[PDB]
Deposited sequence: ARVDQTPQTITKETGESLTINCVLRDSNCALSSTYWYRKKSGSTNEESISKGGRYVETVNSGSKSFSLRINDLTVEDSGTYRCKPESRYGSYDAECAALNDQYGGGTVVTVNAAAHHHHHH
């Protein structure tokens, strides 16, 4: 199970936010990690390219990974989710588990 927190975030333009995910109840190693977002109202789930304003931090030992997004704009509003992937029947079945989502609101400032 992927525990993603918080469930909602509201920030002003220019601020930053951090989402945290932890893979629990699994024997699987945290090998690879992915982040996705669907812009508010949109159909399209987009992959998030790590780097720049999107700063991922990983702790392999605790199977925790977080995304800090800096310099927020209105266009960052959306639903975000995380997904681990493992290199074991169970671990093929970690590349099917996602975090439960974070609704992000960034207000014009």
Regions left out of the model, expressed as runs of the deposited sequence counted from 1: 1, 89 to 92, 115 to 121
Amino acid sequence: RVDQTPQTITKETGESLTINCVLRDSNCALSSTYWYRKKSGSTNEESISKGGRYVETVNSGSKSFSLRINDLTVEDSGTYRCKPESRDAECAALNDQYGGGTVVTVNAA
From here on, numbers count along this sequence of modelled residues.
Average Cα temperature factor in the PDB entry - higher stretch of 90 to 98, 9 to 17: 90 to 98
CA B-factor ranking of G61, expressed as a third of its chain: lowest
Entry-reported Cα temperature factor of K39, expressed as the chain third it lands in: highest
Chain-wide C-alpha B factor ranking for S49, given as lowest, middle or highest third: middle
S77 by Cα B-factor - lowest, middle or highest third of the modelled chain: highest
B-factor third for the C-alpha atom of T33 within its chain: middle
